[PDB]
Amino acid sequence: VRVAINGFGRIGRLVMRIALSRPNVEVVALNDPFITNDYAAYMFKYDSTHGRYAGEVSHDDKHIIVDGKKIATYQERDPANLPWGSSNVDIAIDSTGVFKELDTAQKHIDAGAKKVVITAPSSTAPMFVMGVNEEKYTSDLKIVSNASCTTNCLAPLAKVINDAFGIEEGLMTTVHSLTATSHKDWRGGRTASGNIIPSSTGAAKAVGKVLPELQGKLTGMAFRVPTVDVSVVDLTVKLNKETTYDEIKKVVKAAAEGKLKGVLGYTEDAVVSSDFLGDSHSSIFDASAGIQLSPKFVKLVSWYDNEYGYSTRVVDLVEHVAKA
Ligand SMILES: *[C@H](CC(=O)Nc1ccc(C#C)cc1)C(=O)OC
């Protein structure tokens, strides 16, 4: 599966790191009009949180070079201008956040790619979350979205809980770090470094798009904090069926070891956020942190590396869309 990456922000770069090590994915090309190849190599090699790339990174006038692999680089502001047809590109991965709708991501198909995966929520492209609704993908869909990192954390857990106990209603808080991506959000323009900063989040509503049965049943908000790029979801749900916390743990652990293996993780250890840097799960259930007040009222806690697990999911979706 031959892929090209549009945009070399943090997501674009971690997607590259993961796709390079994927045996059946070949990174063919990178486009980003705002950087030179020397800067691209620098940004790819070094990462404050996920370590130096464990391999040799260099560049020449036309490539980024990684452990012998030449990745052709381009600087096109209009993705339609890109030689995806000539380069035999199967899937274009758009990590810019600006070509995220059906009519704008179309530019990659227009350029010769067979399909597009958008690493951002879309209003028009169908959204898929691995372990949640990837079975609903059909090969005629040429442009898809991987939703958001927070939705990828919430949705697998909400599905497991809803399938086993039924979610009547849930309110969510995310304690959210300074991750990838101020006159529309006044709080967000204040200094990060010493502040807890409340914020809106559409993750709890966007779960309704990938789990229609939870449409309108979840909402929430975020407190943003100046920590490493691992965040945590705090989901307070009202359940339809009575249960015990022990039963919740067994169901989550069972899903984590079985059908959601690799997507939903499970720990009982005394973890803190930095313990999940570089974790490739979308959602790691913190069994010891949750708390049950009564048989149908529980608080569930789940961690996610807001760059790395999501980027692993992007590559997962690329392979799933290509296998179909
Ligand atoms: C996951 C990374 C992420 O959480 N970005 C993010 C989300 C909300 C806010 C605010 C306010 C800032 C940054 C991701 O990018 O999903 C694709």
Side-chain angles (χ1 to χ4, degrees), residues 7-15 17 34-35 39 42-53 95-98 119-121 147-155 157 170-207 218-237 265 267 269-291 299-313:
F8 217 43
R10 199 89 181 280
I11 302 309
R13 302 199 293 275
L14 295 179
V15 160
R17 289 192 182 201
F34 302 124
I35 60 175
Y39 191 41
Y42 166 78
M43 299 212 285
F44 182 75
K45 174 63 172 186
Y46 297 105
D47 193 279
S48 299
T49 278
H50 303 101
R52 296 173 189 208
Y53 186 68
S95 75
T96 64
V98 303
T119 75
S148 73
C149 58
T150 307
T151 296
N152 274 265
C153 171
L154 172 64
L157 175 68
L171 282 145
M172 209 203 57
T173 297
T174 169
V175 182
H176 191 233
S177 155
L178 276 282
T179 162
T181 85
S182 172
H183 315 88
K184 191 152 113 211
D185 155 45
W186 290 8
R187 304 203 208 217
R190 302 291 295 280
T191 305
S193 73
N195 285 308
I196 307 161
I197 303 179
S199 210
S200 268
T201 50
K205 310 202 161 181
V207 170
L218 296 179
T219 189
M221 49 98 68
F223 292 101
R224 319 192 70 223
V225 294
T227 56
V228 305
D229 48 26
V230 163
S231 311
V232 55
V233 165
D234 193 347
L235 176 64
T236 305
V237 287
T267 192
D269 291 344
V271 297
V272 294
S273 60
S274 52
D275 296 329
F276 302 107
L277 292 173
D279 197 301
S280 60
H281 297 92
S282 297
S283 200
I284 308 92
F285 187 81
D286 192 320
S288 312
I291 181 137
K299 192 180 222 47
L300 304 174
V301 175
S302 195
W303 297 95
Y304 61 112
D305 178 319
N306 39 266
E307 308 301 83
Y308 202 83
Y310 181 76
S311 293
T312 306
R313 289 304 88 72

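Numbers here simply count residues along the sequence, with the first being 1. Basis for what follows: all heavy atoms, side chains included, without hydrogens, waters or symmetry-related copies.
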Any chance you could lay out the side chain to side chain contact (heavy atoms under 4.5 Å, CB included) test for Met172 and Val233, step after step, and finish with the verdict?
-> CA-CA 7 Å; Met172 209 203 57; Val233 165; 3.5 Å; yes

Does the side chain of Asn306 come within less than 4.5 Å of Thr150's, by heavy atoms?
-> no

So the side-chain hydrogen bond (donor to acceptor under 3.5 Å, both in side chains) pairs with at least one residue in residues 218-229 (sequence neighbours excluded) are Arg10-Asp229, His176-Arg224

Would you list the atom pairs, donor with acceptor, under 3.5 Å between side chains in residues 183-195 and any protein atom, with sequence neighbours excluded?
from	atom 1	to	atom 2	distance (Å)
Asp185	OD1	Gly188	N	3.1
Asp185	OD2	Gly188	N	3.3
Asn195	ND2	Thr191	O	2.7

Tell me, please, which residues at least two apart from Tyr304 pass ring-ring contact (aromatic ring centres under 6.0 Å, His included).
-> none

With sequence neighbours excluded, residues passing salt bridge (charged side-chain N to carboxylate O under 4.0 Å, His left out) with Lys45 | none

Applying side chain to side chain donor-acceptor pair (under 3.5 Å) to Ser95 and not counting sequence neighbours gives none

Considering residues at least two apart in sequence or located in another chain, which fulfil the ring-ring contact (aromatic ring centres under 6.0 Å, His included) criterion with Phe8?
-> none

Using side chain to side chain donor-acceptor pair (under 3.5 Å) as the criterion, list what pairs up with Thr49, not counting sequence neighbours.
-> none

ring-ring contact (aromatic ring centres under 6.0 Å, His included) involving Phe223 - partner list, sequence neighbours excluded = none

By side-chain contact (heavy atoms from CB on, under 4.5 Å), which residues pair with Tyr42, not counting sequence neighbours?
-> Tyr39, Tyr46

Close side-chain approach of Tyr310 to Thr119, heavy-atom, < 4.5 Å | yes

Using a 3.5 Å cut-off and no angle test, enumerate the donor-acceptor pairs between side-chain atoms of residues 270-284 and protein atoms at least two apart in sequence or in another chain.
from	atom 1	to	atom 2	distance (Å)
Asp275	OD2	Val272	N	2.9
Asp279	OD1	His281	N	2.9
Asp279	OD1	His281	ND1	2.6
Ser282	OG	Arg313	NH1	2.8
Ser283	OG	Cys153	O	2.7
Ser283	OG	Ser302	OG	2.7

